[PDB]
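Below: the structure, in structure tokens.
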Amino acid sequence: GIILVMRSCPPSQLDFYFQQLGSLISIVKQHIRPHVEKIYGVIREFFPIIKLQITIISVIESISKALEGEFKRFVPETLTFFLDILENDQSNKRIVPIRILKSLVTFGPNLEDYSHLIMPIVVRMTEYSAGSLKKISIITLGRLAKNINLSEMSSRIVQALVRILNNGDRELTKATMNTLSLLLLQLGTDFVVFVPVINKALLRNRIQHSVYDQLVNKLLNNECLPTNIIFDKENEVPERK
């Protein structure tokens with residue numbers, strides 16, 4: 001299995017270990033679970049790809065292998081995945097963000113906190129819409145993970161949807177990513193939602209909340225409403241072979 005740490009580490013041999021990984025969906029482990037950290041706490045320039053077989057080089061092999069657990073193993077494995085992200089994330093690299101959205105929904109959800117407080121950090125970066133999709137799905141592949149309803153952030157993620165007064169480069173998609181951000185993770189809450197009527201100093205994030213969510217939302221105002229998470233953006237993508 002320790003013969004596959006033994007192994008010269010050119011990346012040609014590593015890519016046999018990046019395919020040895022997919023050998024072990026076979027596992028479910030069991031106890032290779034110190035060695036997983038052993039040769040990525042290493043910490044190479046191959047990166048958490050969807051590649052060429054449904055198996056990841058080499059972090060999101062572990063999420064799709066160990067299924068969920070141990071997360072006790074993935075909190076230091078949760079300092080050596082955001083230690084990267086900090087200069088791993090520009091405007092172009094959208095290539096580890098697709099690899100941080102891909103580690104996102106796989107691991108979810110998930111006691112995980114500086115994960116739930118440094119994301120935050122990657123969204124709260126005002127000028128970070130620059131690959132548009134990237135921080136759009138920071139708002140699908142956050143919400144899908146239901147861990148974000150356990151919310152402290154509501155009022156800092158209210159101060160991350162009018163600090164953009166709609167028009168950053170979302171922008172009729174800040175309109176749909178905020179109707180996805182709120183519903184599933186929603187209320188058991190009032191003051192987050194008497195606020196928006198005011199932020200109407202905007203005209204896209206106002207007239208996709210004025211026919212989708214402020215209407216399920218003229219709707220949620222006296223009654224909530226379940227499912228309809230089979231509408232906005234559906235894709236929950238099963239695992240079989």
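Nothing in this text is a laboratory measurement; each read-out follows from the coordinates by a stated rule. Counting neighbours? That spans all protein chains shown, and the Cβs are built from the backbone with ideal geometry, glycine included.
Sub-7 Å Cβ pairs linking a first residue in region 197-211 that is surrounded by 14 or more Cβ atoms within 10 Å (Cβ to Cβ) to a second residue that is among the small types (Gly, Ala, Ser), at least 6 apart or interchain, are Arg204/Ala175; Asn205/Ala175; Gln208/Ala175; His209/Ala175, ordered by first then second residue. Against the definition (in contact with a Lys or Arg (Cβ under 6 Å, 6 or more places away or on another chain), of a type in the set (D, E, K, R) and surrounded by 17 or more Cβ atoms within 10 Å (Cβ to Cβ)), how does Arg33 come out, yes or no? Considered against the rule, which asks whether it is in contact with a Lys or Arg (Cβ under 6 Å, 6 or more places away or on another chain), of a type in the set (D, E, K, R) and surrounded by 17 or more Cβ atoms within 10 Å (Cβ to Cβ), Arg33 comes out as yes.
Restricting attention to region 1-57 and to residues that are of a type in the set (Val, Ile, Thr) and over 25 Å from the mean Cα position of the chain (by Cα), the residue that is farthest from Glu68 (Cα to Cα) turns out to be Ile3. Could you please let me know if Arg94 is surrounded by fewer than 20 Cβ atoms within 10 Å (Cβ to Cβ), part of a loop (DSSP other than H, G, I, E, B), touching a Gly at 6+ places or on another chain (Cβ under 7 Å) and among the charged types (D, E, K, R)? Yes, satisfied.
Within region 97-116, the set of residues being in a loop (DSSP other than H, G, I, E, B), among the hydrophobic types (A, V, I, L, M, F, W, C) and farther than 17 Å from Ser181 by Cβ comprises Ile98, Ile100, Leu111. Here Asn166, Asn149 are screened, and the one residue that is closer than 21 Å to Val216 by Cβ and in contact with a helix residue (DSSP H, G or I) (Cβ under 6 Å, 6 or more places away or on another chain) is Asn166.
Criterion first (among the β-branched types (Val, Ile, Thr), out of contact with any helix residue (DSSP H, G or I) (no Cβ under 6 Å at 6 or more places or on another chain) and either loosely packed, with under 15 Cβ neighbours inside 10 Å or more than 19 Å from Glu239 (Cα to Cα) (or both)) does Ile49 satisfy it? First the steps, then the outcome.
Values: among the β-branched types (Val, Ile, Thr): yes; out of contact with any helix residue (DSSP H, G or I) (no Cβ under 6 Å at 6 or more places or on another chain): yes; either loosely packed, with under 15 Cβ neighbours inside 10 Å or more than 19 Å from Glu239 (Cα to Cα) (or both): no.
The answer is no for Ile49.
Quick one: is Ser210 among the small types (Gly, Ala, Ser) and more than 29 Å from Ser103 (Cβ to Cβ)? Judged against the criteria, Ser210 is a match.
In region 86-134, the qualifying residues are those that are within 20 Å of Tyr40 (Cβ to Cβ) and among the hydroxyl-bearing types (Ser, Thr, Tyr), and the one that is farthest from the chain's Cα centre (by Cα) is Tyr114.
Output the residues belonging to region 75-85 that are in a loop (DSSP other than H, G, I, E, B) and within 15 Å of the chain's Cα centre (by Cα). Lay out the reasoning, then the answer.
Residues of region 75-85 that are in a loop (DSSP other than H, G, I, E, B), as a first pass: 75-81.
Hits for region 75-85 are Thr78, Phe81.
The set of residues in region 165-187 being among the polar types (S, T, N, Q) and assigned to a loop (DSSP other than H, G, I, E, B) consists of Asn166, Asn167, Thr173, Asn178, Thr179, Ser181, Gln186.
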